[PDB]
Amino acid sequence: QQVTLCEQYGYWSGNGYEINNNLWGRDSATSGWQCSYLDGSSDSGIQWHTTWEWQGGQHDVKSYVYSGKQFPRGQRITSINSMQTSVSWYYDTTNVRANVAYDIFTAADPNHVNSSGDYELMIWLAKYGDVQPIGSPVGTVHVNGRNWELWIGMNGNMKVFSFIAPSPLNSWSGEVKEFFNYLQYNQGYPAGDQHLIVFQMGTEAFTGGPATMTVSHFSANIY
């Protein structure tokens, strides 16, 4: 690929996008490895893939390698008109324990560290193996023209909302404001007090492989 990132927290930046070989939970594994590969980038989005094998620590995420959209700090969720995103992705195998998910952090502190937030909003486009979101399911919700199983729970002091697609969504053009709006008016999410911290798409890897997730296209448009 045009660039290869194998070390933990390996990093690429370009065209207002970034990729992080974010192997944050790798110490939970008895064995394994993972790289992220930039296939191409332009202002209109990027193309990348990641290959990994992880064994051991069955219930612990080893990594969340991601492509992130860059944006200025200090954007209040209620000031954002649109958080549109498009992604096309596919795994080269069914038999992994992993998901494919957008990860979004918000915090009242606009300078919050990018590794967490006051709140976390996940959109799980797919779920492989028996992997489960944070918390417990609260029912099926209609957001952005689709149905999702909404899970809610706490990761430490961070409240986590995970919207789970009922079947894998290998290609998706979404309006992430819809999910924030849903949460603001149905789950008491204080959107007017929160700032966008990160906006990422990637895969949480638990166990399995060697497996490859290919992102044919990833773009986001925040305005």
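From 1 onward, residues are counted along the sequence shown.
With 97-105 and 126-134 compared on mean CA B-factor from the PDB entry, the stretch scoring higher is 126-134.
When the two stretches 69-77 and 148-156 are set side by side, the higher mean Cα temperature factor goes to 148-156. Within the group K177, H195, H49, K62, the record's highest C-alpha temperature factor is found at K62.
For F206, the recorded CA temperature factor ranks within the highest third of the chain's modelled residues. In this PDB entry, the Cα temperature factor of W12 sits in the middle third of its chain's modelled residues.
Looking at the C-alpha B-factors along this chain, the one for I222 belongs to the middle third. In this PDB entry, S162 carries a Cα temperature factor that places it within the middle third of its chain's modelled residues. For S115, the recorded CA temperature factor ranks within the highest third of the chain's modelled residues.
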